[PDB]
Amino acid sequence: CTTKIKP
Amino acid sequence: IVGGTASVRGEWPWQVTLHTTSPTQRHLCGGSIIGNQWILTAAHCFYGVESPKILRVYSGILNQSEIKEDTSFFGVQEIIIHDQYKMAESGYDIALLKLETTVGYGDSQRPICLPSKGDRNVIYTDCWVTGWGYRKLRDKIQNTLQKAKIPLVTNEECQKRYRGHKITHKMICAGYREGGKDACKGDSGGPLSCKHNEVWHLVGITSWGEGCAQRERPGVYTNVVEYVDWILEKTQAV
Ligand SMILES: COC(=O)Nc1ccc2c(c1)NC(=O)[C@H](C)CCC[C@H](NC(=O)c1ncn(-c3cccc(Cl)c3F)c1C)c1cc-2ccn1
């Protein structure tokens with residue numbers, strides 16, 4: 001996805 | 001939601017029902033999965049909530065009747081309210097819930113994309129407000145997730161409709177000039193999802209309005225694009 005949030 | 005239709009299972013898989021346990025278990029607000037341990041909702045939802053221990057997040061739900069004592073949920077480790085937040089009408093109506101466990105992504109529960117810095121310029125013609133909220137100003141929470149397609153409105157147009165208020169660029173408005181279709185009590189915190197280039201983006205968080213679905217009264221949403229840095233700040237902390 002465009003904007004990435006750490007898992 | 002006012003003037004909406006039942007959603008189809010798996011339609012808004014980022015939509016969650018945020019429940020409270022104190023005094024009794026009940027739906028509180030809507031919210032959106034934006035990361036595997038992150039829920040994005042409205043700051044106003046936690047008025048008087050003194051602990052995250054009373055919160056339960058339910059993903060992959062169409063009907064509130066699916067929620068029983070045996071229903072699995074996500075516990076809340078932390079409530080992160082924007083530190084500039086006073087009230088919904090003044091803005092900064094944004095909150096992050098850090099979940100105690102990881103959301104396993106599938107066809108029933110998955111994250112919505114955040115708007116990109118370049119997406120600040122784009123238009124959006126396919127926007128939908130979702131929720132379990134009231135169908136009219138005095139009503140009750142709905143069993144089935146409702147949806148309503150809502151057109152975006154300029155900040156300028158939204159400001160004429162809200163004399164005595166200050167509509168900031170950190171707010172985004174949506175509504176029909178004649179009303180009829182809108183969000184209502186119980187939908188707040190939930191998403192305003194807009195499809196662009198076959199990809200859904202979280203353009204807004206249901207925040208405030210005067211009544212529900214009234215003519216010349218657009219719904220006011222937190223403009224998520226203006227809080228991408230703040231979301232990354234709180235979720236990507238070293
Ligand atoms: C069995 O379980 C239940 O029956 N649960 C239940 C029932 C009612 C409510 C509730 C929980 N939640 C709350 O009390 C929490 C603490 C939130 C408080 C503020 C919230 N405001 C809104 O939802 C709300 N305020 C303005 N708008 C608005 C109107 C048009 C367009 C746009 Cl874009 C707008 F955002 C909305 C959707 C609200 C929610 C309820 C009542 C009154 N206000």
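Every number for a ligand or one of its atoms is a count from 1 in the order of the listing. Chain identifiers are assigned alphabetically (A, B, ...) following the order of the sequence lines, protein sequences preceding nucleic acid strands; residue numbering begins at 1 within each chain.
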Participant: Could you list, one pair per line, each nitrogen or oxygen of ligand 1 together with any protein nitrogen or oxygen closer than 3.5 Å, giving atom names and the distance rounded to 0.1 Å?
Facilitator:
from     : atom 1 : to      : atom 2 : distance (Å)
ligand 1 : 5 (N)  : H27(B)  : O      : 2.9
ligand 1 : 12 (N) : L28(B)  : O      : 2.9
ligand 1 : 23 (O) : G186(B) : N      : 2.9
ligand 1 : 23 (O) : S188(B) : OG     : 3.2

Participant: Run the ring pair (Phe, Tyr, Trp, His ring centres under 6.0 Å) test against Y162(B) and tell me which residues pass, sequence neighbours left out.
Facilitator: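 Ring pair (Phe, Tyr, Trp, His ring centres under 6.0 Å) check on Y162(B) returns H165(B), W208(B).
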
Participant: Among all residues two or more places apart in sequence or in another chain, which pass the salt bridge (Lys or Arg N to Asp or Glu O under 4.0 Å) test with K149(B)?
Facilitator: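 Testing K149(B) for salt bridge (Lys or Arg N to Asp or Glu O under 4.0 Å), a comparison that skips the adjacent residues, returns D126(B).
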
Participant: Check the surroundings of atom NZ in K86(B): do more than 12 heavy atoms from other residues, nucleotides or ligands lie under 6.0 Å from it?
Facilitator: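 12 or below, so no.
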
Participant: Honestly, is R110(B) close enough over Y105(B), meaning NZ or CZ under 6.0 Å from the six-membered ring centre and within 45° of the axis?
Facilitator: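 Geometry flag: not set, cation outside 6.0 Å or 45°.
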
Participant: Whether the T144(B) and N63(B) side chains hold a donor-acceptor pair (N or O, under 3.5 Å, no angle test) is what I'd like checked.
Facilitator: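 Yes, side-chain donor-acceptor contact under 3.5 Å.
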
Participant: Under the salt bridge (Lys or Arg N to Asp or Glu O under 4.0 Å) test, which residues partner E100(B), sequence neighbours left out?
Facilitator: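 Here no residue qualifies.
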
